[PDB]
Amino acid sequence: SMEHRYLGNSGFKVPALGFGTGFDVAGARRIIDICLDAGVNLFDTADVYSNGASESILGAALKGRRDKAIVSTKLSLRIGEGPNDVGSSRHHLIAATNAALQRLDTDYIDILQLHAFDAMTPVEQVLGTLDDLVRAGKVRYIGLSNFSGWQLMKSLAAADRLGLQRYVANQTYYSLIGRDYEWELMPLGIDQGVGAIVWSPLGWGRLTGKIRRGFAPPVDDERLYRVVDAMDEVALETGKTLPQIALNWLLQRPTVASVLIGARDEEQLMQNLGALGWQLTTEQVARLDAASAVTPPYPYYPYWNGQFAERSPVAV
Amino acid sequence: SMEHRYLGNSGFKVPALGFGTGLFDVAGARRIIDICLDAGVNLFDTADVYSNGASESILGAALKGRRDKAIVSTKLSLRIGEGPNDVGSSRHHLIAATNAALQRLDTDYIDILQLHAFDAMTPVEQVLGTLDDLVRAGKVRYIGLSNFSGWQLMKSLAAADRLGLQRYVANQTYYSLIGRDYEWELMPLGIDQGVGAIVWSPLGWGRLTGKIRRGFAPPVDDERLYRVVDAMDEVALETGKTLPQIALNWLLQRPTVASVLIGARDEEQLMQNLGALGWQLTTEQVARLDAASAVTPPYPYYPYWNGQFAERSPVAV
Amino acid sequence: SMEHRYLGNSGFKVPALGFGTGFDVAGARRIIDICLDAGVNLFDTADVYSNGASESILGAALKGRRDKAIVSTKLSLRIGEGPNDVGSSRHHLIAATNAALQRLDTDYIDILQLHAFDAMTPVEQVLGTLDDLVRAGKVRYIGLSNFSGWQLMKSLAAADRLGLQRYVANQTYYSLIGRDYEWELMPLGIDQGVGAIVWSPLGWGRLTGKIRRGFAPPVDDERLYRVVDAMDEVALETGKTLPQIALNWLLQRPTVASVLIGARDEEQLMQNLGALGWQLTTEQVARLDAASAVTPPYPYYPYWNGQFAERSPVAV
Amino acid sequence: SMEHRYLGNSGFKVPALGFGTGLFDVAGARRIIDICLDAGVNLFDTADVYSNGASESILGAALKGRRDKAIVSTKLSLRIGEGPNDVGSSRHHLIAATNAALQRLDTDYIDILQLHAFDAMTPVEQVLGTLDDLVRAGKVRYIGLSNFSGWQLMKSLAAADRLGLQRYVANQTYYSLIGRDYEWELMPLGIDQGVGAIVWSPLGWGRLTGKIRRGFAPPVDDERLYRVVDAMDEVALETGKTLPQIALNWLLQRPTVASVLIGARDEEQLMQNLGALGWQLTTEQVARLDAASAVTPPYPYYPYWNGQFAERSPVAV
Amino acid sequence: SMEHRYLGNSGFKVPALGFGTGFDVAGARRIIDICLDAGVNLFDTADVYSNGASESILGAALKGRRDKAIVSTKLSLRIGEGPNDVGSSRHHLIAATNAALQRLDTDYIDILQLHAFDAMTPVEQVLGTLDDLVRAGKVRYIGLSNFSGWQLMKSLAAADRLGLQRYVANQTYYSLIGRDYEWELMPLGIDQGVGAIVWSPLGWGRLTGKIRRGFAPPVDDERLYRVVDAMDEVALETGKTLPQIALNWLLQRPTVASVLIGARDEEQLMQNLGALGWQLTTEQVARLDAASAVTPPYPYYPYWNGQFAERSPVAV
Amino acid sequence: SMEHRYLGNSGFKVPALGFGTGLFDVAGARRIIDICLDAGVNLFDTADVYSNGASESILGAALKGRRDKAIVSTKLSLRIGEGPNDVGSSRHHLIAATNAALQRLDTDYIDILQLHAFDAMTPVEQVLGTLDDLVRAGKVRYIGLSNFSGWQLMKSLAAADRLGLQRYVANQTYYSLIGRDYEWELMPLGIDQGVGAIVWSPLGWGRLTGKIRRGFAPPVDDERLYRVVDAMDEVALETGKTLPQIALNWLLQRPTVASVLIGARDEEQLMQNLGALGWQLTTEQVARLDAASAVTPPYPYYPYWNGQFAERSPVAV
Ligand SMILES: [Cl-]
Ligand SMILES: [Cl-]
Ligand SMILES: [Cl-]
Ligand SMILES: [Cl-]
Ligand SMILES: [Cl-]
Ligand SMILES: [Cl-]
Ligand SMILES: [Cl-]
Ligand SMILES: [Cl-]
Ligand SMILES: [Cl-]
Ligand SMILES: [Cl-]
Ligand SMILES: [Cl-]
Ligand SMILES: [Cl-]
Ligand code: NA
Ligand code: NA
Ligand code: NA
Ligand code: NA
Ligand code: NA
Ligand code: NA
């Protein structure tokens, strides 16, 4: 049975596992149906995924069942050659939102996320445009991806001050080999009620077990192998697969509302659902955390090493 | 001659080099103050935790009779006693500690009062209210912080603006050629919000002195340090400047940097540090130093720094 | 002739007696017609009353006369098995309001009330969604049911601060045997202009006279019998029935704007209308109050017993 | 060793046990203060109405020379004289009474100033403005209240936030195993809004001492009291702790509780109360005590406490 | 040629003379046409004027030329027997505005005015409802009639504070024999940019010359005759009629943006237009003011008699 | 025994009868203060213009040693000198005049400071800011006004609320049986906005004394005065009370009236005025007096008072 979680402080619930189209019409309908049957009813896409084709294919697959789905999409990355075919200025946000609705073949999007930070458009303007889309019924909830801590906080404070809609979802990279989310974005999310929707949870296929002795730093072989060693040890104790361990570990982390998985078929979906219904023990998590730990940058370092932890403890 | 810079967007000017009591003999201290003031190094930085208050007392004694010629920067909020309220930024400790610092410094006001760390246990609205009251009372002119996350500093600045309270204008930050993490969040926030950097440990805890060659900061990997020193040596050949002078000058070319805190035991050491002024590393020399010191940015900065998302959100350096 | 009262500070008037569907098409039309003829033109329902059938039946009965009715409905209780088929988050509020409009077969609701407090959704979001529904013309007035004093006050303060619509109606349990409304909710209602629409005024059939020597505490037999004794004594003086006394008592209480009654036919409606056109005397009310009095909880106790009453008197 | 807790969301720490002068011989009072301070019981609570001001005067005399080692909590707004303005929270009385308390206490500031009851005759905006002015003047560090309804406290907190004034951080509340009404409104409000409880009459006016066995609070029914004492006796067998120690420890496990006020005439009595610290009632022991002490919640709490509406609005205990 | 004036601080211009329907389809069209030809293109009506028939007749007469007219209407007085067929609460304001639009047979009203003060509805709610009507395009400008000074100021301050539309027109009784507008409402109008649209400018036919030796106090014969004497003297100097003098006097008074006149035919309209194109002299106005002066009430009295005039002069 | 009333919504209580120095020999003044205080008449009203400051000086001397037992009400803003700034409510004059009054009164604070007239030449936002500063400084407890139009008072109250400043709680108004104009605007505004009336010239400048029988206020027509006196005589027969006692009692039954200012040269006169207390004119007696004193309301009040628009906006009396 699918577990459901609150998306930040929004009061809206998402399934703990979602389907990341980061996409044969019959095949797409089948994937949607096996997902829906399993309770995986969050579907995530973006305008840039295959130049709009991912949204169109999703829309076509959901047609007839869209009311059973939570549709998450992203915009603001460059999607054309024109000088205004990019960013978060009012012109592009309006045009891109309408274009996504057309491709998805629906009258509303459940979660609309800005795909990157546009420093060239004032956050007050962006939030006004998003608020208007929400009030018009085109969007229910809003979120973001790839913002700095300060940029997200700036936006949340502006929304509150202006009485506009606030971000409730952060589409973030987070995995055992990519724990950077923990430094700024996680404690911000805790403080401000922003829930994480996690992508590349296997660190771009690196935590599958296949490997053994654009958005993320390449990972050093030695560190990867140390993490895989620890996962192997846990796999022996638990009988679970490396992907199931990676996912189970994420689901225990603060703020995590949903983790986006891939599923080409029933068998793959079932493997991923094997992340649910059990829990890594405290000791197992501690072992995985020790193996995956990296030196925190300044200014997090003296909090993480205990010096300033008294008055500002770390969440993990 | 001393160069002066605006401290963030405050309209207040500080000397490009300041004197960090993080060194401190009343006569000896007066003598150091004398040579600093003579050179235009009239920013003096201290903290309650420096020798359990003795640094502030010594500084106060050294400045007596001429305090008006100095810019006094002090820090509080770190644990300064064994009591449950001898720490943090709650109203009780902020008031008590500010008054205690004024008593030790033997003055009626502090030019720049900085919170030494982030106290997550006190609401930023309360902290800012307390600081605003101290400023309005004439006890403090300007306020700042040290060791805040990007989000924590932004949360505080937004609250100050919303409530009509004083805003932070100074970030006392670690920044050096071997410790460039300030660049990821804090620098671009400082640019956006008018917060100037007062830089400490500019030589990366003595590592950029030239002495080394082939708990606030990660320990530095030998191989990286040596690569940075190699690049500094090459620049030293062109410029004729010392490694410390290059390290300091490099900092002085970075966005937001208003002052760099140096140590000076005597005239000769002060003069060596003053050699960081009166010249500028060239674009090419800075690029060479940046290439040698570059580290892989964490997520979510990575795709902006590698160019993928740079179009609409360029990096400052 | 029907008496009418202001609904809190709203400037909107309701009949002193309303029809609580807490529901034969001809029969329903007849009930509506006898109610309308008597001036009982407030009809109260909820999505959960018979899984939507109460709203549908009301809608069908009012068709042709809806402009003569004040329609009150409630939502936010669990109405389906889905993770978002409950609560006050934007998704459910919008979907449920539209669903109620469809069942009621009308384009607007006079009074929309939140049926319980949803601690999982920020009150600022809830109020924004309600404000949007009001501005769209779908709802005229808003209210609540079953909030704590602090929760209702939090919501009223947020509405005022944000310039949004405020609650004007509290659908509350209140009766001679259930006087808890008096501790927090009544004095809040007085202070903030929120009028009570009273349900279960006979304490779930316990004040009918039939008994003699989910939402409310069960009542102790001895206390019930003491209240019934006092009602019997008043019935001897007045010649009125126990239900008429119970209703007349409620109608004298501060904040009470309407009391919801049941009416299966003309005879039952007429009995209830017998609550109007006369008044319990001061002495009779005092006798009923003494019999029904219960020890107030902390912190109300020292105000009610006179210790702190000087500067903060009790409303009854 | 004394345990310390945050007072609501304020960032200020209080000892988990405090000394309630609601007991008070200047030498005798100094002696009690000495033993309290030695044990870390450095919160002292008083009120203008305690012996018509004599309690505050005695406390002030007892603290003289070491007031800086104490956290002084005082209450005002109850009738303290026969005059028409010798009562309430209007500006006239609040100012006069605060200054009078400062004079009696022989100090320049009060750590926690609490309104003793709700004054419906004065607008909360006025009250909060007066309190904000006293805080800004340095006369008061933190503010609180006692005996407010849920709606009254929330109204005040919302007004403070809206107006940028000081907010209440302490609720001086009656709470005990036999008086759990604090749980219905005031506890969940305290959780939501960062108000910490300072608990008074923790033994339910001497009823939870073990002395009894088979005007702020309802009198308690004998049968209920005896059921609660039975459960305490069972826990006493497991833990080896006294009934008062169990009652105190139980309170210390409840959400929002920052400090519990106790009485101590001498070292031995103080030591008995300190036996509430250094251990914790287990989940099961708390559940047993809660089951014995449980009462039927009033409307509108009832359907949340019985599970009907609990899904979206759970109860804190 | 018609003179035009700014309506308070609104930037909107009205003709100095307007047509007050306070109303033969051909006859109505003719009256409208002669008015339009003369530049009298402000038409004022109300729901209560002949129980809606005045609005309907105006609408029918304007059909085909409505874009050349400025339509002013009033609502909030009791217009039916129902408990909510009156006042300024959201229910009635919305229903009445839509009903007026239907009767007038147009999609917008230029100036919508509240006909009296409704103390039972919060001004914040009233202003919100009016703001919504303006934003929807149903109303361009808003105003009021028959408010106390304090009530109008309360409403203006609330509008400004909440960022809502403010009143720009005060439909006021003002005439040589009814100068009470001068005490509170005129200096408020000056201070806050509210322009007067003047009704009963002849004091209900009393300043026509026919008389000689619900809303307004009856006038004492002796005072009326003294005013008529002064008008007669001015009529001798000027050669103008008494109505022309009365109107010319009003048009010189501070805040006056338009004066509503009656016109049954070309001849009557032409008589009224004779108020324009000349000016009473300073001396003539002073003579008329002296004859019409009444003792100001407290607290205006010590300002009007010069005692407190230094720091707070009177506008006339 | 003295009756006390809340001053508007302020939560502050005043005696139902106060002493108007608008009478004022230091010993003589002390004696009058003594008899007033003995009777509970402890509100003393004065103004800078009363005998060019001498009234305030005499009052200050009369209260010395016991000022804490009095409520001091004073007025400023009328012309008090020949200088261009010796008048009005601009910051210069308000500050200077308030300080001058404090000096004359020989006290550190004024209980109720009232603007004596409306200064249209100074923005109400400025006036309220100045008054707020005086209150925050502890120089003034409560503020009020006199002789404002309805719109001017409302404009000021709205500005105070919007800006978070002190609001007016007292309206020093003329009100009497023969001068009921207060009822049109100022009374219903006072009800709506929590402003209490302190009534002056309650006998209509000696006209309601019984002495007459068959520049703030219009002169009164003889015929009307005589009709009012006739009705008072009839009530005097029923009640046994004097005409002044009836006039005062009538005022005490009107909405918003918190205090009525009376004159008292000695014990006997004070006792006569105190005869207004301890009883109440009946509904019928008030109706009889109201019918005799009724005047035609101006526009726009007329259609509300005559019933036409009364449904949705009833009149308070
Ligand atoms: Cl939200
Ligand atoms: Cl992956
Ligand atoms: Cl600044
Ligand atoms: Cl260094
Ligand atoms: Cl409302
Ligand atoms: Cl019932
Ligand atoms: Cl706080
Ligand atoms: Cl106890
Ligand atoms: Cl405008
Ligand atoms: Cl007329
Ligand atoms: Cl007030
Ligand atoms: Cl008089
Ligand atoms: Na939430
Ligand atoms: Na830009
Ligand atoms: Na109302
Ligand atoms: Na905190
Ligand atoms: Na009050
Ligand atoms: Na001016």
Side-chain angles (χ1 to χ4, degrees), chain E residues 3-14 16 111 113 141-160 165-176 178-199 201 249-259 282 285-286 289 292-294 296-297 299-306 308-316, chain F residues 88-89 117-127 147-159 184-186 189 298-300:
Chain E
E3 302 171 24
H4 299 89
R5 298 180 171 200
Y6 287 103
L7 184 60
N9 201 33
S10 71
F12 183 64
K13 301 202 91 170
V14 292
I111 311 168
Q113 290 126 138
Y141 302 93
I142 57 167
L144 71 303
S145 193
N146 308 131
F147 283 29
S148 295
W150 74 268
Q151 293 163 351
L152 175 51
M153 185 67 236
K154 186 181 176 180
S155 306
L156 294 163
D160 285 349
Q165 302 298 315
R166 66 199 274 121
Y167 299 131
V168 298
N170 188 336
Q171 289 252 350
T172 188
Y173 170 51
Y174 191 28
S175 85
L176 272 165
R179 291 178 56 197
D180 294 347
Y181 173 70
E182 293 169 10
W183 309 128
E184 288 258 353
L185 296 173
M186 179 183 286
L188 171 55
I190 290 168
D191 189 65
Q192 293 292 313
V194 182
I197 297 172
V198 177
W199 53 268
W249 181 89
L250 283 167
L251 289 168
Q252 297 190 2
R253 310 303 278 183
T255 75
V256 175
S258 188
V259 182
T282 303
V285 174
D289 284 357
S292 56
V294 307
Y300 325 107
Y301 185 80
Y303 300 86
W304 283 66
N305 77 9
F308 298 160
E310 184 185 343
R311 300 300 286 212
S312 192
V314 167
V316 299
Chain F
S89 301
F118 189 70
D119 181 6
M121 307 299 98
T122 303
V124 302
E125 297 80 8
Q126 190 205 112
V127 173
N147 305 312
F148 282 30
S149 294
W151 73 268
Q152 293 162 353
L153 174 52
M154 186 66 236
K155 183 181 176 181
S156 307
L157 295 162
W184 309 128
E185 290 257 353
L186 296 174
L189 171 55
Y299 179 84

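Any value given below was found using the heavy atoms of this structure, including those in side chains, with hydrogens, waters and symmetry copies removed. Every chain is numbered from 1, with letters handed out A, B, ... down the list of sequences.
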Atom of E/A257, atom of E/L7 and distance for their closest heavy-atom approach
CB-CD1, 3.9 Å

Residues at least two apart in sequence or cross-chain that pass side chain to side chain donor-acceptor pair (under 3.5 Å) with E/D289, listed by chain then number, are E/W249, E/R253

Listed by chain and number, what are the side chain to side chain contact (heavy atoms under 4.5 Å, CB included) partners of E/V198, not counting sequence neighbours?
E/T172, E/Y174, E/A196, E/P201, E/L250, E/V256, E/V259

Test side chain to side chain contact (heavy atoms under 4.5 Å, CB included) applied to E/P313 - qualifying residues, sequence neighbours left out:
F/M121

Qualifying salt bridge (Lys or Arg N to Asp or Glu O under 4.0 Å) pairs with a residue from residues 149-158 of chain E, counting only residues at least two apart or across chains
E/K154-F/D192

Could you list the residues that satisfy side chain to side chain donor-acceptor pair (under 3.5 Å) with E/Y181, not counting sequence neighbours?
E/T255

Quick one: salt bridge (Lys or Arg N to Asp or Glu O under 4.0 Å) partners of E/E3, sequence neighbours excluded?
none

Counting only heavy atoms from other residues, nucleotides and ligands, does the tally under 6.0 Å from CG of E/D160 exceed 12?
yes

In chain order, what residues pass the side chain to side chain donor-acceptor pair (under 3.5 Å) check against E/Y300, with sequence neighbours excluded?
E/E184

Checking F/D119 now: which residues fulfil salt bridge (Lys or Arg N to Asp or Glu O under 4.0 Å) with it, not counting sequence neighbours?
E/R311

Only counting residues at least two apart or in another chain, list the ones meeting side chain to side chain contact (heavy atoms under 4.5 Å, CB included) with E/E310.
F/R79, F/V87

Contacts of E/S145 that satisfy side chain to side chain donor-acceptor pair (under 3.5 Å) - sequence neighbours left out:
none

Identify, with sequence neighbours excluded, every residue that meets side chain to side chain contact (heavy atoms under 4.5 Å, CB included) alongside F/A117.
E/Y303, E/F308, F/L78

Checking E/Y301 now: which residues fulfil ring pair (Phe, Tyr, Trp, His ring centres under 6.0 Å) with it, not counting sequence neighbours?
none

